[PDB]
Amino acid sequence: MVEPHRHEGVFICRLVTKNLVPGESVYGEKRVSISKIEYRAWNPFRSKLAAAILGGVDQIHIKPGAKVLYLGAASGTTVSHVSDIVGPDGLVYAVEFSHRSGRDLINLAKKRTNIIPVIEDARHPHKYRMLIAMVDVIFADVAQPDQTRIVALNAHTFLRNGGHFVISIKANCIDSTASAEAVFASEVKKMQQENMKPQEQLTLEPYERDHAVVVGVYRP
């Protein structure tokens, strides 16, 4: 039995996403067919977005038709589930600066018409400005101390007014000694001067330690 989750485009195999490319697995994940309609396993130990959803995040904003700027796409594992979610009329702009990871992303996009690989450094969005059109959501998982400044720069460049951000923050990646709680609070403090308004925060439960997701609205 597979049923729709509260989040549109997300499903619960009593977590899964509807396969944009039936019969194909991206990174070895298993799938289930319901009669005709194929779904792919979405693992919360592997995907911070899956973990947040299981952990009861109120909004993810990534939904059918959404245009998503994805910072830190890596090889495309979570990106592939985002691609399923946004569907044929949505888009996933997958920013990754590793050329090796880039190769897997590029190969992934060959099979998935809604993924746009962007193999560039997210710190310099002016360099890839022509490749990206305004987006509805920024999802960020770059694991960098300056991630908040990165998201802000990308927001001013690409995120529509009223658009949202979903930001994965590994505390010990910003400051290895500080309490996670103090790290989260410091990051959230930085957002006011960019007109980024946090709306919720949650930590990623048993899947990831001292790891928060912050969801908010930009230029509301």
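Each residue number is its position in the shown sequence, starting from 1. Superpose the two forms; the largest set of C-alphas matching within 1.5 Å is the rigid core.
Of the two segments 42-50 and 174-182, the one whose CA positions lie farther from the displayed form in 8 other deposited structures of this protein, once all are superposed on the rigid core, is 174-182.
Remark: when the other structures in 8 other deposited structures of this protein are fitted onto this one via the rigid core, 137-145 deviates more than the alternative among 137-145 and 102-110, judged by RMS CA distance. Gaps at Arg14 occur in at least a third of the other compared entries of the protein that contain both adjacent residues.
The segment from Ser35 to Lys36 is interrupted, since 4 to 9 residues of the deposited sequence in that interval carry no coordinates. A summary of the deposited B-factors shows that, of 25-33 and 159-167, the stretch with the larger mean C-alpha value is 25-33. On average the C-alpha atoms of 187-195 have higher B-factors than those of the other stretch, with 187-195 and 57-65 being the two compared.
In the deposited coordinates, the residue among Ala51, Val151, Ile174, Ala41 with the greatest CA B-factor is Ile174. In the deposited entry, the Cα temperature factor of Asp146 sits in the top third of values across the chain's modelled residues. Ranked by Cα temperature factor within the chain, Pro220 sits in the middle third according to the deposited record. When the modelled residues of the chain are ordered by C-alpha B-factor, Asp84 sits in the lowest third. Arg112: CA B factor in the lowest third of modelled residues in this chain (values from the PDB entry).
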